[PDB]
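No lab work stands behind these numbers, since they all come straight from the coordinates. Cβ coordinates were reconstructed from backbone atoms using ideal geometry, including for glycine residues, and neighbour counts include every protein chain displayed.
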Ligand code: 2GO
Ligand code: CLA
Ligand code: CLA
Ligand SMILES: CC(C)CCCCCCCCCCCC(=O)OC[C@H](OC[C@H](C[N+](C)(C)C)C(=O)O)OC(=O)CCCCCCCCCCCC(C)C
Ligand SMILES: CNCCOP(=O)(O)O[C@H](COC(=O)CCCCCCCCCCCC(C)C)OC(=O)CCCCCCCCCCCC(C)C
Ligand SMILES: CNCCOP(=O)(O)O[C@H](COC(=O)CCCCCCCCCCCC(C)C)OC(=O)CCCCCCCCCCCC(C)C
Ligand code: HEC
Ligand code: HEC
Ligand code: SF4
Ligand SMILES: [Ca+2]
């Protein structure tokens, strides 16, 4: 029975999540965007 | 459901020799100890005359590269057989008291870091997987008492 | 003496701080009951 | 200077994700139990 | 139920008076025995250790006293039959033993006399009392009934048996006596002034420590007669641990001059109140002892808290405790590491405990007086502003809700930062984020010539990046000397010899030529990773401490800064010259380069010596707030910032139930909405209606405050004792803490394990550990929603046992009924068990010794 | 650990403490019925399971 | 055993999460639900005022 | 619990030692009893029993912060190290009893799983003194702060680790009842350290 307000919060937390993942797994498995490589 | 498998990653192993899985080799005792004996002795000479042509020459290439980084082989401090040298204080791996009072995990960092004055650090010479193999070979030197 | 006075004043200012905060909430929500 | 800014951004995101997640647990608790 | 409710207020003045006097006499007797247990024939224990630094500062305990005594007051003093000074003539006694003995006997004689006199006021109140009711287990002895039926303390008797001839204070016609508690406020503080004078005269003339500015030019020491300013600590003013002359108000002669300063002030404020005693309408209801009891007990609690803070700072580095570290302290056969700081920490944490317990209890006793006003219909009639200011329920919900919010935000900030940096120190990969550790690599001196293989990116700033290993012109992987690292380089974790971070491969250089603001005087390449070192600055106390300190030390700070700047330039030019050497290619060009670093070596040496010595000086400047184990400046740490946020947030978490006691003892907003009213101050619930209602009463709110406060109290214990509170997993021996000159014993969880290595060395400490753990978890049997189960099952047990008794013939078993705790008495004993279980274990953390580096 | 399971098997409706009072447990998961008789939390079958 | 557990960083993360799940059960098991209901109610009023 | 502790052993004097120096042992600034009735017996007695280097040490003096405290640079001079058995015993038993008993036992034969056992001859013969320093300084095994054998490079000084090294060689070939005594240290030192 979710609100728009809540959906939107959920989208915003999905973004942080994926932004984080991209930074963690993209340089490692492609050897590019080398500022986030570890 | 959860572990759809389990995402633990791919295993780190040593160098690849064509036609013979290195990852597999790193869990198969008779393969890993053959590479440990080569590192330990600094030559391929004490390897079973049954060794294949490709194997015998891959080892040599491994040694030749390590000789350019001033790698010092384990035998001959510690000898080809253990139980080193009292002169140099080089550890005797044949001794059961030395073997009981070491864990294999603990032994690892003493090879990585070196140990007091003379036993050299191997962290910049060898990979941590090649140190694991050597800890396993040193285990087989033990004698009773 | 210096450290003693600082600590003491920092605890006393911890209470004084809170009251001020509470005073701001009370004044600026006068005429909204909280039911 | 630039490490610091980068670190502040990660910490913000963590607070947004953990506090954000906690409140979603409450909302979800609320929808199940009732409204 | 009522067994702990025997004596409830209001009481009459003579009965309170008399019991206080009797308790005072009793304490004086216990202290007298503690004086006997301080004598030098005994082992060190916790009781005699917590008094020895004070008895050293007083001159009564003398550490350098070796001679044995054989005649001192009267001709019978080596040793003799039936002791000669009973049970003590067995051992060699010194003069400090005799000084101790005498002060013991003096405290036992005064105490017994005060106990007698208190009893005279207490029982002569009631017109007397018979010997068998005073002692009460004296009529059980046979052939001594007649003895116990005499009447002592009678209003009538001959001089050695009077109590109160007039019956009460109110009836006795001495027209000096004040007649109301506000009027008595004036004589009570003149009286306390007089006590301050007594102490000052005892210190000046009995203990021989006159007041500043009248201290002697000369004082006797074990090495002869010396001048006050060179005589070491117990004798004179020279502090032999810090190597300084003490400030005059940091000696005991300072404390004797304050005896007179405070005594004059109390006498004058008491004479002012004699003439204009307090009279406000806002005060008049406070004559009822139930109401004042709240005021006084909560004030006293605050006084204890302030004793803890004041005593901790004032005495952290004082020679009375450090002197303990020089004696050869052995407890249950061990040998303690830094006993000075251990006993100092015990005394201050003792006081913090007492602080909490009395603020919480004082407020509960407050809520009892208010609840009774509500029961009796008088709350609505009350006239004092100190009640009526808070009568409005809409204001009460705004007070409670905004302190809940302020608590929420400070505790989320602190606990969230702890969680973050423990993630960072552990290198945890979450899929969406890789946490990264702090690592450092020295770039200067000899270390700066060790090489590594470097993966070096092409252009960090643009994506569709790429990198490559650093090579030679022929194509082999070249070794990069730590002096030549750059921001963005990656070095393999394995080659730095790091396991423990298996989810990634490289460490990244994030800053080069880094010099700690406060730490080692070295130059590093660093990975900052996720480690928030800037968070130390998110502390108002960092800035105040460092500002005062900079203002006081500004010239050596300026010369240090300038010596650092000169060394950095000289190191940078050395690295140029070393690089020209390494990249020569012509045996001539090599040789000439080598010639020029050789003639620049001296003066790199000089810039490094200069920098080292200025840094050593700067780090020897006196502390303001944050100190070393010496008494030198340290910069604030992440530890100190987290402590700061945790004190704000965690004391609000603990004290919110006290506000609820104050406002909602009778009706809260939940209650008022249903029209309910709390009928007593201690009911457990009213049952399952509306979901469940356990735990709303003011006695229960009291228990919640105490449990919740366990949390700020453990943060204080961990901080006092040298734990790191800013993460959970921190170890003392790691790169961040050694490069920044930080000593700690732990990391929240990691402290628990690490200190217990020390606890395990002591068999008496481990037996305490076992027991205190048994006490705590049994509290869960009493706090869980479980009492019906327990009563139902205890009924099954009763039945079985009575069956056995009928079958077996055992008359005493045939009517057995096991008692099962009802709900209120369970919550009380469960809280008692939970609290004593935890804080016997916290005692152990202090008692293993103090292990922070000095 | 298994004496609560025997209590489930025999005392799901009435224990001997309930039966002296005339009580009757009305469902398998109720939390209590107390503060009566000192308090009754934890007599249901669900609680004996826990 | 925990000195051996500390040498693995994945197992020490598991150790931390495990401890937190447990002591929170005490919030739910103590005789305290009325206190939690009446405080929650103060919290709701306050948030609605904001 | 309180008061009825025993009588103190006459051999443990309380007669006071000199205070720990404020100056760092690693300072480049300026470098590194009476006749009263029983004061000479008490000083002579403190000179054997009361330890001088038991206290945690200044932070700039810890082995990781000392320029000559790394395993590669420390001086293990055998003449200074095995010079005085009183001293090895006075110092190493206090340090060992405090820091090392927890994991290695009250007998020094091993408590924590896989922990060392210092009485074992095979272990004694195959370790250098410099080797023993390395493992105290580094720790043993992989982990944060050392492994299951924790690192001491923040924590202890180079001089404190050296008393530990000499004390540990008194464990050789002893039985599993507590720690080496004063005459174990002395027979160890006579048989060339
Ligand atoms: C570590 C070695 C050893 C082992 C064998 C051990 C095991 C266990 C077990 C088990 C089966 O393994 C259990 C079940 C257990 C139980 C207990 N132990 Zn325990 N225990 C040991 C040793 C000790 C010791 C010495 C102590 C406890 C103490 C305690 C206590 C804990 C009492 C309690 O409930 O305490 C809450 C407080 C805690 C956890 C301390 C928090 C410290 C921290 C610095 C506070 C600041 C930061 C926080 C994140 C909070 C911020 C927000 C806030 C301020 C509002 C009970 C008996 C106890 C204690 O922590 O009391 C506060 C104590 O002193 N224990 N303990
Ligand atoms: C020390 C641990 C401890 C012990 C010994 C007990 C004992 C018992 N509990 Mg309690 N309980 C505990 C903790 C413990 N509990 C905890 C932590 C909780 C919360 C979850 C509970 C919650 C609880 C519930 C809801 C109920 C019980 C019940 C019972 C009884 C079970 C009936 C029986 O089978 O007899 C067998 C008896 C035994 C197996 C115990 C032998 C006794 C011990 C080990 C000796 C005790 C030593 C004692 C600590 C030392 C202090 C003594 C001092 C003088 C030296 C039993 C007497 C039931 C009951 O019937 O109530 C009356 C019940 O319904 N328990
Ligand atoms: C983690 C432990 C924890 C936390 C965070 C809380 C939180 C709270 N308790 Mg509960 N409680 C606990 C454990 C906890 N409690 C335990 C062990 C007991 C047994 C004694 C209780 C018993 C209990 C009672 C009887 C009562 C409460 C009440 C409260 C509230 C006080 C009102 C307030 O002060 O606002 C300030 C808020 C804070 C200070 C906390 C901020 C949020 C925290 C820090 C972190 C969130 C952490 C969580 C573990 C994160 C998981 C998130 C997920 C995304 C991973 C607050 C919501 C009172 C109340 O009003 O009821 C609602 C109350 O009456 N507590
Ligand atoms: C605080 C300590 C320092 C000790 C205090 C003094 C006593 C120490 C030694 C133990 C004393 C044990 C006495 C137990 C006893 O006899 O209890 C009887 C009692 O009451 C019933 C009648 C009185 N009606 C009820 C008639 C008025 C009576 O005897 O006086 O009880 C209780 O109801 C309490 C329960 C006592 C525990 C006894 C249970 C013993 C276990 C037996 C189980 C197995 C069978 C088969 C042997
Ligand atoms: C290993 N050694 C660590 C300490 O080294 P070192 O010597 O460098 O430094 C002082 C800190 O030691 C203290 O001095 C603690 C004493 C604890 C007893 C004292 C602990 C009591 C603290 C607070 C008591 C609160 C009570 C009264 C509610 O480091 C300080 O700066 C502490 C200053 C404390 C002031 C913080 C201000 C916060 C405000 C609180 C508001 C609360 C309310 C609104 C409800
Ligand atoms: C009857 N229905 C009506 C209401 O009942 P209601 O809740 O009032 O009643 C009782 C009694 O008040 C006590 O509570 C007595 C202790 C007070 C001073 C105490 C007197 C003696 C004990 C303490 C003193 C001993 C020392 C000082 C000699 O019912 C109970 O609490 C019954 C439970 C106790 C039965 C023993 C259970 C285990 C024994 C303790 C072991 C636990 C340990 C591991 C810690
Ligand atoms: C206090 C300072 C000490 C001293 C002087 C020593 N220890 Fe320990 N230790 C522990 C474990 C698990 C081992 C085995 C390590 C392994 O093989 O896995 C050890 C080993 C040692 C050695 C031998 C080192 C060597 O290379 O051979 C030495 C000289 C040593 N220890 C001395 C465990 C722990 C602890 C548990 C946490 C603690 C604390 C200590 N040790 C402390 C000390
Ligand atoms: C001499 C030049 C050496 C070469 C080459 C190698 N090692 Fe060594 N080692 C040497 C000495 C003098 C010592 C004694 C160390 C000391 O205590 O002072 C050792 C020690 C070891 C040990 C035992 C370590 C332990 O913790 O207890 C191992 C496992 C060991 N050495 C292994 C080893 C390996 C695998 C080497 C080649 C890869 C190797 N050593 C080289 C001397 C020398
Ligand atoms: S379980 Fe106990 S506290 Fe909870 S509603 Fe029932 S009687 Fe009340
Ligand atoms: Ca401690």
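If we restrict to alpha carbons, what Rg and Dmax does the protein assembly as shown come to, in Å?
Looking at the protein assembly as shown, its Cα Rg and Dmax stand at 36.9, 122 Å.
In Å, what Rg and Dmax follow from the Cα atoms of segment E:707-854?
22.9, 79
Using 7 Å Cα-to-Cβ label points, what is the residue E:272/residue A:19 separation (nm, one decimal)?
Between residue E:272 and residue A:19, the label points sit 6.1 nm apart.
Translational diffusion coefficient of segment E:179-227 at 10 °C, 1.306 mPa s, Stokes-Einstein with Kirkwood Rh over Cα pairs, in µm²/s as a whole number.
On the way: Rh = 13.5 Å.
It comes out at roughly 117 µm²/s.
Listing E:249, E:404, B:119 from the residue with the fewest other Cβ atoms within 10 Å to the one with the most, what is the order? Intermediate values should be presented prior to the final figure.
Working: E:249 12, E:404 19, B:119 23.
Listed from fewest to most nearby Cβ atoms, that is E:249, E:404, B:119.
If R₀ is 30 angstrom, what is the calculated FRET efficiency for the pair residue F:2 and residue E:816, using the beta carbon separation as r and rounding to 0.05? All intermediate terms of the calculation are to be shown ahead of the outcome.
Working: r = 25 Å, r/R0 = 0.82.
Computed FRET efficiency for residue F:2 and residue E:816 comes out at 0.75.
Which order results if E:403, G:3, E:556, H:116 are arranged by neighbouring Cβ count within 10 Å, fewest first?
Details: E:403 18, G:3 21, E:556 14, H:116 27.
Ranked by crowding around the Cβ, least crowded first: E:556, E:403, G:3, H:116.
So, in nm, how far is label residue B:143 from label residue E:752 when the simple model puts each one 7 Å beyond its Cα toward the Cβ?
4.9
Whole number please: convex hull volume per residue, Cα atoms of segment H:72-193, in Å³.
On the way: hull volume 12.7 nm³, N = 122.
Hull volume over Cα atoms, normalised by residue count, gives 104 Å³.
From the P(r) of segment E:590-739, can you give the percent of Cα pairs sitting at distances over 26 Å?
Values: 6568 of 11175 pairs.
Percentage above 26 Å: 59.
Applying 1/(1 + (r/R0)^6) with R0 = 22 Å to the Cβ-Cβ distance of residue E:261 and residue E:621, what FRET efficiency is obtained, to the nearest 0.05? Could you put the intermediate results ahead of the total?
Details: r = 31 Å, r/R0 = 1.39.
After rounding, the FRET efficiency stands at 0.10.
Let me check against my output: what whole-number percent is the relative contact order of chain E, with C-alpha pairs under 8 Å and at least 6 apart?
Numbers: 1203 pairs, mean separation 81.7, N = 854.
Computed over chain E, the figure is 10 percent.
Hey, how many Å between the Cα centroid of segment B:5-51 and the Cα centroid of segment E:713-745?
Segment B:5-51 and segment E:713-745 have Cα centres separated by 43 Å.
Would you mind calculating the relative contact order of segment E:171-250 from Cα pairs under 8 angstrom and at least 6 residues apart, reporting the percent as a whole number? Don't skip to the answer; put the middle values down first.
Details: 55 pairs, mean separation 9.7, N = 80.
With pairs under 8 Å counted, the relative contact order is 12 percent.
For residue H:18, project a label point 7 Å along Cα to C-beta. Then give me every residue of segment E:236-263 with its amide nitrogen under 19 Å of that point.
Under 19 Å, as judged by backbone N against the label point of residue H:18, lie E:238-245 of segment E:236-263.
Do you know the relative contact order of segment B:22-140, to the nearest whole percent, from alpha carbon pairs under 8 angstrom that are 6+ apart? The partial results should precede the final answer.
Working: 108 pairs, mean separation 28.1, N = 119.
It rounds to 24 percent for segment B:22-140.
Please give the length that would be gained between residue E:202 and residue E:144 if that part of the chain were fully extended, namely 0.36 nm times their separation in residues minus their C-alpha to C-alpha distance (nm, one decimal). Each step should come with its number before you reach the end.
Values: separation 58, 0.36 × 58 = 20.88 nm, distance 4.48 nm.
Result for the pair: 16.4 nm of gain on full extension.
Grab the alpha carbons of segment E:1-99, take their convex hull, and tell me the volume per residue in Å³.
Working: hull volume 19.0 nm³, N = 99.
Dividing the Cα hull volume of segment E:1-99 by its residue count gives 192 Å³.
Can you pull a Stokes-Einstein diffusion coefficient for segment E:369-466 at 10 °C (1.306 mPa s), Rh from Kirkwood over Cα pairs, as a whole number of µm²/s?
Details: Rh = 20.8 Å.
Approximately 77 µm²/s, per Stokes-Einstein.
Calculate the spin-label point distance for residue H:125 paired with residue E:562, positioning each point 7 Å from the Cα along the beta-carbon direction, and give it in nanometres.
Inter-label distance under the simple model: 6.5 nm.
Specify the angular offset, from 0 to 90 degrees and rounded to the nearest 10, of the alpha carbon long axis of helix E:95-123 from the longest principal axis of the alpha carbons in chain E.
Rounded to the nearest ten degrees, it is 40.
Rounded, prolate or oblate: which fits chain F, taking a ≥ b ≥ c as square roots of the Cα gyration tensor eigenvalues, rounded meaning a/c under 1.5, else prolate when a/b beats b/c?
Prolate.
Of the listed peptides E:560-569, E:715-724, what is their order by residue-averaged count of other C-beta atoms within 10 Å, with the highest listed first?
Working: E:560-569: 16.3, E:715-724: 22.2.
Top to bottom by mean Cβ count within 10 Å: E:715-724, E:560-569.
Multiply the residue gap between residue C:35 and residue C:23 by 0.36 nm, knock off their C-alpha separation, and tell me the result in nm, one decimal place. Present the calculation step by step, with values, prior to reporting the outcome.
Working: separation 12, 0.36 × 12 = 4.32 nm, distance 1.95 nm.
Taking residue C:35 through residue C:23 to full extension adds about 2.4 nm, to one decimal.
Can you bin segment E:649-715 into rounded, prolate or oblate? Criterion: square roots of the alpha carbon gyration tensor eigenvalues sorted a ≥ b ≥ c, rounded for a/c under 1.5, prolate for a/b above b/c, oblate for the rest. The partial results should precede the final answer.
Numbers: a/c = 2.38, a/b = 2.03, b/c = 1.17.
Prolate is the answer for segment E:649-715, as a/c is 1.5 or above and a/b outweighs b/c.
Calculate the length of the line joining the C-alpha centroid of segment E:775-854 to that of segment E:4-36, in whole Å.
31
Based on the Cβ-Cβ distance from residue E:230 to residue H:77, what FRET efficiency comes out when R0 is 35 Å, to the nearest 0.05?
Numbers: r = 38 Å, r/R0 = 1.08.
So, using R0 = 35 Å, E works out to roughly 0.40.
Under 14 Å from a point 7 Å along the Cα-to-Cβ line of residue E:780: which residues of segment G:10-28 have their amide N that close?
Under 14 Å, as judged by backbone N against the label point of residue E:780, lie G:19-28 of segment G:10-28.
Which of rounded, prolate, oblate describes chain E, given a ≥ b ≥ c as roots of the alpha-carbon gyration tensor eigenvalues and a/c under 1.5 marking rounded, otherwise prolate only if a/b is larger than b/c? Let's see the in-between values first.
Working: a/c = 2.11, a/b = 1.53, b/c = 1.38.
Judged from the Cα gyration tensor, chain E comes out prolate (a/c at least 1.5, a/b above b/c).
Residue separation times 0.36 nm, minus the C-alpha to C-alpha distance between residue E:472 and residue E:220: what's the value?
83.1 nm
Return the calculated 222 nm mean residue ellipticity for the protein assembly as shown, to the nearest 500 deg cm²/dmol, obtained by summing -39500 (n - 2.57) across DSSP H runs with n ≥ 4 and dividing by the residue count.
On the way: 46 runs with 704 residues, N = 1400.
Per the formula, -16500 deg cm²/dmol.
Given segment B:22-140 reduced to its alpha-carbon atoms as identical point scatterers, what log10 I(q)/I(0) does the Debye formula return at q = 0.22 Å⁻¹?
The calculated log intensity ratios at q = 0.22 Å⁻¹ are -1.51.
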